[PDB]
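Each remark here refers to the structure printed beneath this line.
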Amino acid sequence: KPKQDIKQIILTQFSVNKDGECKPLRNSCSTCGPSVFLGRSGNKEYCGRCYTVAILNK
Amino acid sequence: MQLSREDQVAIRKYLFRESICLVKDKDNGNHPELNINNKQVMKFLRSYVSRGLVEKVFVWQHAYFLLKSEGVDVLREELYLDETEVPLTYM
RNA sequence: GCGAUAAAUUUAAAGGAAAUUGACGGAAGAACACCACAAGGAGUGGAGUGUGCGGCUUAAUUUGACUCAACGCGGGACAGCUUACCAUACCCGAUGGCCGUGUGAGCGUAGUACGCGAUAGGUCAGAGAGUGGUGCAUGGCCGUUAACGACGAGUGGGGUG
RNA sequence: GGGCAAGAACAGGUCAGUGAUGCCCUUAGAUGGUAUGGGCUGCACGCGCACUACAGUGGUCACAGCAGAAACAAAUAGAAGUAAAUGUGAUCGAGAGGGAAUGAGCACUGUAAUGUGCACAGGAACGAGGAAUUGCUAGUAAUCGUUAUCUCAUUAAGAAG
Ligand SMILES: [K+]
Ligand SMILES: [K+]
Ligand SMILES: [K+]
Ligand SMILES: [Mg+2]
Ligand SMILES: [Mg+2]
Ligand SMILES: [Mg+2]
Ligand SMILES: [Mg+2]
Ligand SMILES: [Mg+2]
Ligand SMILES: [Mg+2]
Ligand SMILES: [Mg+2]
Ligand SMILES: [Mg+2]
Ligand SMILES: [Mg+2]
Ligand SMILES: [Mg+2]
Ligand SMILES: [Mg+2]
Ligand SMILES: [Mg+2]
Ligand SMILES: [Zn+2]
């Protein structure tokens, strides 16, 4: 079967304020716990533990 | 062998608590005392037999597993129990 | 025609001698038995159908068995399973060394950026599994000789054996 | 009437009964599992074993009535079950004997009909079997049904009683 690309040290999920306070950059799932973040690509926003893809009306 | 870490420790503690185990071959059902798939319990214990820790005797449709003395200690290290703890079969 | 009488060449024994035990006889004499007959009674072989076997065909028509002692036999009355065969699709891997890994081995996905994490990475050794092969490598169990009257041990006798 | 049942044998059968087994072969693109389908049931033809027959010592209607013993919701044409030969009266009259291939149906079992039951039509060979061949001596042969026996969701024209 196909080969698996890898993205090294995952730190992109977050953003840091000037005060040093940290917040998630990607948005978070309502139904899989807020600790699961949501991907983006074109019309698609998507999720892990449920594989559900939202399709945007744009 | 396709068992979760929780399922692995469930077998380790059972096999120490009681110095024996009994598994039915060619079955997709769940082991009565563990709630783990029979084939998976067989496959787990298979490794302990290969390591020389556990005896295996096969009779009719059943595999009888017996824990050797020279392996109580290995499983006690693995399960990180206190030095005083011993199975129900050992006084 | 007879009398008398060679070589070349070939070969590990010779239907060589006498005796012993078997197998055989279109040899003799006893026995025995409707899987033998005599005296009888019902069929099978001919027709249609059920079922097994060969042959041919097929993607595959999986396969063993052949005088009694193969052929409604393999507890073989197969829609799935049985099922070994054919078409398509999916799933998996004792342990040990070496190397590589939480700064992420590998896995899930509407496969690329999100979810899960040692579990299930690669390579050498080495296991295990198989209605795969060989019953002329075997064990066990069966059938047949045969349901027949024979069968070996100890002690004595005879013979070179 | 069964059951148990010498010694010796056989390169007799089974590795497709076995976590009985030696050795060879395959082993993530598997000769390992699983799932959905198809085959094992194909049809010029030669054979083995069974089942219904070829009628009048018969066919049909109804009525009785008897086993091995003891198990049986209900059912308006009909769609598993507690004998059958048989006993009396009618009937039919010398292919009104016989039920093969086939039609449009009506139900049942099942995950799935291709399997089974039922009703109507249809009506093939066969008029007692060449060369051969198989059992059977008394409650036996032959005849006649039946299995709370085995196969078994549903399927016996098979065995074992
Ligand atoms: K005949
Ligand atoms: K037979
Ligand atoms: K044998
Ligand atoms: Mg002369
Ligand atoms: Mg005669
Ligand atoms: Mg005939
Ligand atoms: Mg004989
Ligand atoms: Mg199949
Ligand atoms: Mg199989
Ligand atoms: Mg095998
Ligand atoms: Mg042999
Ligand atoms: Mg042989
Ligand atoms: Mg067949
Ligand atoms: Mg008639
Ligand atoms: Mg049979
Ligand atoms: Zn979600």
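Below, all heavy atoms of this structure are taken into account, side chains as well, without hydrogens, waters or symmetry copies. Protein chains get the first letters and strands the later ones, always in sequence-line order, with residue 1 at the start of each.
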### Task
Not counting sequence neighbours, list each pair that qualifies as a side chain to side chain donor-acceptor pair (under 3.5 Å) and has a residue in residues 31-44 of chain B.
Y14(B)-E33(B), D27(B)-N38(B), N28(B)-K39(B)

Would you give me the side-chain donor-acceptor pairs under 3.5 Å for residues 34-57 of chain A, sequence neighbours excluded?
{"from": "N43(A)", "atom 1": "ND2", "to": "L56(A)", "atom 2": "O", "distance (Å)": "2.9"}
{"from": "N43(A)", "atom 1": "ND2", "to": "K58(A)", "atom 2": "O", "distance (Å)": "3.0"}
{"from": "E45(A)", "atom 1": "OE1", "to": "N27(A)", "atom 2": "ND2", "distance (Å)": "3.2"}

### Message
For a quick check, with a 4.0 angstrom heavy-atom cut-off, what is the B/S/- contact string for nucleotides 104-109 of chain C, read 5' to 3'?
### Response
SS--BB

Tabulate atom names and distances for all N/O pairs under 3.5 angstrom spanning the protein and nucleotides 80-82 of chain C.
none

### Message
Near RNA chain D, counting only heavy atoms under 4.0 Å, which residues of residues 20-44 of chain A show up?
### Response
none

### Message
I need the full list of salt bridge (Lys or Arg N to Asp or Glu O under 4.0 Å) pairs touching residues 1-25 of chain A, with sequence neighbours left out, sorted by first then second residue.
### Response
none

### Query
Taking RNA chain C as the partner, which of residues 55-71 of chain B come within under 4.0 angstrom of it by heavy atom?
none

### Message
Work out how far the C1' atom of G80(C) is from that of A110(C), and round it to whole angstrom.
### Response
35 Å

#### Entry: Pairing residues for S47(B) by the side chain to side chain contact (heavy atoms under 4.5 Å, CB included) criterion, not counting sequence neighbours
none

### Query
According to the salt bridge (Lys or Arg N to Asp or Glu O under 4.0 Å) rule, which pairs have a member within residues 8-24 of chain B, sequence neighbours left out?
none

### Task
Please identify each residue that fulfils side chain to side chain contact (heavy atoms under 4.5 Å, CB included) with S4(B), with sequence neighbours left out.
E6(B), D7(B)

Side chains of residues 65-86 of chain B: which donor-acceptor partners sit under 3.5 Å, not counting sequence neighbours?
{"from": "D73(B)", "atom 1": "OD1", "to": "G71(B)", "atom 2": "N", "distance (Å)": "3.2"}
{"from": "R76(B)", "atom 1": "NH1", "to": "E83(B)", "atom 2": "O", "distance (Å)": "3.3"}
{"from": "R76(B)", "atom 1": "NH1", "to": "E85(B)", "atom 2": "O", "distance (Å)": "2.8"}
{"from": "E78(B)", "atom 1": "OE1", "to": "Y48(B)", "atom 2": "OH", "distance (Å)": "2.6"}
{"from": "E78(B)", "atom 1": "OE2", "to": "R51(B)", "atom 2": "NH1", "distance (Å)": "2.9"}
{"from": "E78(B)", "atom 1": "OE2", "to": "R51(B)", "atom 2": "NH2", "distance (Å)": "2.8"}

Nucleotide N/O to protein N/O under 3.5 Å, stretch nucleotides 122-132 of chain C:
{"from": "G128(C)", "atom 1": "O2'", "to": "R46(B)", "atom 2": "NH2", "distance (Å)": "3.4"}

